[PDB]
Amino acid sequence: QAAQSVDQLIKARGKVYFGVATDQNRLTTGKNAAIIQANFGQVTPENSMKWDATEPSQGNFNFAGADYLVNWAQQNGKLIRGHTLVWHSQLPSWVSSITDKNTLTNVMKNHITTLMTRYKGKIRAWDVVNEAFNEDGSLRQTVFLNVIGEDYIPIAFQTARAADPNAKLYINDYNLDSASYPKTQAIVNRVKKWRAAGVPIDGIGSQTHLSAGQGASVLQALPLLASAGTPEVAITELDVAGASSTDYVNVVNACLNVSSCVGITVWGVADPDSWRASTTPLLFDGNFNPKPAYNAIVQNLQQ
């Protein structure tokens, strides 16, 4: 645990949270729980709310890991971002093999409604649709697009709104880190059009999986994402190859600069537990000590 909490410091600047990805496997080993308690104000399940984890066989849901996370978060005063309802990765084959529109629509709706109803009122925000865009800005040809069609995004969001009207509903994606970039421009254009059509999209989530030196670009990309007119944006899965303080401070400042940016989630606690561990891209090292970039964020946020 670091003495100074980046979550308290960002809250003192008017933001909602500074959080991290975690799950039971992390919380019950090492120093993760104590670090999260001390220094962070929000958690995202790294895996336990994905489709493979929660509905591994159709209609036979497994909530043990998700329940653990939600209960731990409540006990410890941490906000929760649910992650993620509709996504092509970590998707069981029972889903991806379906070729009938009605079948898949009903499966998708039941998955959304069942997860969101279980946690109704406890979840600040859901990543309803994840990684819907290709790198050229076209929509990713996932089973949902291929079988349901264009409607899958409207359906997902409308179903989510009905299941828990309290939750902020997000579309989440990566490579939204440049204002220049076909995916960035596309998500802004399509969110504007979906919302103008009445689709309830409350947030754009920008994963922010960065390479070294790339953080500076977020200072221009995040205000562009905010121009789509959603009530919120958020930095949802931040990590940075090499963990330079310059990159981390740039992303923090981008969020500070964008009033609709509610907060930042970093994608794990300690480097060896990162999905990209070899790049040591997180804010705590393998000995669970805060890294230079953690201290740089603390100092940037001090008033």
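Note that residue numbering begins at 1 and tracks the sequence as displayed.
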Checklist entry - Which of the two stretches, 177-185 or 153-161, shows the higher mean Cα temperature factor in the record? => result 177-185
Checklist entry - Checking the entry, which one of 132, 79, 222, 228 has the top C-alpha B factor? => result 228
Next on the checklist: Quiz for you: based on the deposited Cα B-factor, which of 19, 290, 281, 14 is highest?
Outcome noted: 14
Next on the checklist: Quick check on the deposited entry: does the C-alpha B-factor of residue 303 sit in the lowest, middle or highest third of its chain?
Outcome noted: highest
Next on the checklist: How does the C-alpha B factor of residue 263 compare with the rest of the chain: lowest, middle or highest third?
Outcome noted: highest
Item to check | Chain-wide C-alpha B factor ranking for residue 32, given as lowest, middle or highest third | outcome: middle
Item to check | Chain-relative CA temperature factor third for residue 72 | outcome: middle
Checklist outcome for this item: Sorting the chain's modelled residues by C-alpha B-factor and splitting them into thirds places residue 238 in the lowest
